[PDB]
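Protein sequences, first through last, are from chains F, J, L and B. Each residue of the first sequence is one higher than the last, beginning at 372 in the deposited numbering. Each residue of the second sequence is one higher than the last, beginning at 111 in the deposited numbering. Each residue of the third sequence is one higher than the last, beginning at 111 in the deposited numbering. Each residue of the fourth sequence is one higher than the last, beginning at 392 in the deposited numbering. Heads up: the structure comes next, in structure tokens.
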Amino acid sequence: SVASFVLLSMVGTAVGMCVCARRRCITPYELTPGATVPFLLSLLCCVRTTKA
Amino acid sequence: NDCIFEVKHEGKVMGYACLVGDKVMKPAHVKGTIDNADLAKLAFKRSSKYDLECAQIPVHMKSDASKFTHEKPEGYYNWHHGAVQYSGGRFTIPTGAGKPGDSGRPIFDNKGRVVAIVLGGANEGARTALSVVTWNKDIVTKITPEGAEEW
Amino acid sequence: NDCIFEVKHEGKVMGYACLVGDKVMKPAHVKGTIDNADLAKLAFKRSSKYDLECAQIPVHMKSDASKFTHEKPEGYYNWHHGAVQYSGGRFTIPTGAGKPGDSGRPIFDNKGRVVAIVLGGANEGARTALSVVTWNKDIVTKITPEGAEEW
Amino acid sequence: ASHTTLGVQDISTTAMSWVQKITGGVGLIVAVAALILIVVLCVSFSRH
């Protein structure tokens, strides 16, 4: 049971790294004045990529 | 109301918030609430690292927004309290024009295009070199000289 | 007859079609018939993504064709109802200059080269930002402001 | 019995291969998130 526990904490840390990665998708491109980065979003494609 | 946009908290100006391009911008360090209830209900994103608050501008207000440019030639620019000298990679102001509370003022050129937002300033006697947050080739960058005070 | 050709449908005016280069362009959402019977019978190609219907210009309509360019500098331009601002990657008009029915009018520069056709618009208060399809470096691309409705 | 000397570090059949195959950890994804964090810090973190 604690092995299932530690594996689900490994999935929890996967969730934590993914949510930190989505927050560090957002912090370079909040909605910069330029509001157009194909060179960012055309390579990253993490989440909600469609805003230029 | 030419360029003036403002967040106010319990009667006192807590700096200013500005909608610029497609963003609603507010310094994160300014505590309190936007003094327009229609604005106050949008989804706001906070960044402590850069002290930035951003929101998506609603469509029906888009036509009041300022034009922008990433390109900042050396010269003189405009802000709320007058001329702003830019040269040497250095933005400067006359000492006393800015104080805690003035964070959020836009800097705009002779065509009224905003190029930077004031974050604070470092008094060096006769002149004050301002600490600033700005953007260049779509990347946000904060420039802080040593010994700068938050406004 | 300067740049605009009437489309009419069952007695009511139903937008516009344009002769540009060797191409016939028509918004796909526009129902009805082009007011030239030879034109109405050509093989039309549909693009749903761009809302475009296209046809081959016949040889005999040499004198109605426009001239075009892919190059669109920032500034002000002209259309039938007045000035059209291009800035920030955005076309805008005085609110009320455009209405449902105006879909199909071309946008042209100061040298009369058609650069764009109007597909619709989003009211943003003082001005209205147009949803348009246009060719950047000869490739068709749609530029759409948020929340745009067909006109 | 006479073989009683056994504990918890007891080798077996396929079992330890099974616990090897189950241990496909997350440290690669953690490392690429650390890479993104590093490339965000090093835009202006040349001093401290």
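Don't be surprised by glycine CBs; every beta carbon is placed ideally from N, CA and C.
Nearest to residue i by alpha carbon, out of the options?
i               : options                           : result
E163 of chain J : J:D174, J:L240, J:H139 and J:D132 : J:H139
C416 of chain F : F:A392, F:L378, F:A406 and F:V373 : F:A392
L129 of chain J : J:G211, J:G121, J:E120 and J:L149 : J:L149
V250 of chain J : J:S157, J:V123, J:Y126 and J:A207 : J:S157
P137 of chain L : L:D212, L:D248, L:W245 and L:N233 : L:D212
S197 of chain J : J:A239, J:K252 and J:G131         : J:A239
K141 of chain L : L:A153, L:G206, L:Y126 and L:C113 : L:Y126
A165 of chain J : J:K159, J:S176 and J:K151         : J:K151
Helix, strand or coil, according to DSSP, for residue i in the structure here?
i                      : result
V377 of chain F        : helix
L428 of chain B        : helix
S157 of chain L        : strand
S372 of chain F        : coil
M124 of chain J        : coil
residue 447 of chain B : No statement about residue 447 of chain B is possible, as the shown extent of chain B runs from 392 to 439 and does not include it.
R237 of chain J        : strand
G230 of chain L        : strand
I144 of chain L        : strand
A385 of chain F        : helix
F201 of chain J        : strand
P409 of chain F        : helix
I'd like to know whether the C-beta atoms of residue i and residue j end up nearer to each other than 8 angstroms.
i               : j               : result
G230 of chain L : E260 of chain L : yes
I203 of chain J : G214 of chain J : no
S173 of chain J : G222 of chain L : no
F178 of chain J : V224 of chain J : yes
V169 of chain J : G257 of chain L : yes
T398 of chain F : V430 of chain B : no
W245 of chain J : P404 of chain F : yes
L419 of chain B : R395 of chain F : no
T384 of chain F : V410 of chain B : no
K252 of chain L : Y160 of chain L : yes
Name the one or two DSSP bridge partners that residue i has.
i               : result
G185 of chain J : J:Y196
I249 of chain L : L:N246
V130 of chain J : J:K133 and J:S176
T405 of chain B : Answer is none; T405 of chain B lacks a bridge partner.
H119 of chain J : J:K122
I217 of chain J : J:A226
**Q.** Selection of the region 119-140 of chain J by Cβ proximity to chain F, strictly under 9 angstroms
**A.** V130, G131, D132, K133, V134 and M135
Q: With 7 angstroms as the limit, tell me which residues of the region 403-437 of chain B have their beta carbon closer than that to any beta carbon of chain F; keep them in chain order.
A: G416, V417, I420, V421, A424, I427, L428 and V431
(Q) Any C-beta of chain J within less than 8 angstroms: which residues of the region 228-258 of chain L qualify? (A) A232, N233, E234, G235, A236, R237, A239, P255, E256 and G257
Q) If contact means a Cβ-Cβ distance below 7 angstroms, which residues of the region 176-201 of chain L contact chain J? A) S197 and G198
Q | Chain-ordered residues of the region 148-168 of chain J with a beta carbon less than 7 angstroms from chain L | A | Cβ contacts with chain L come from no residue of the region 148-168 of chain J.
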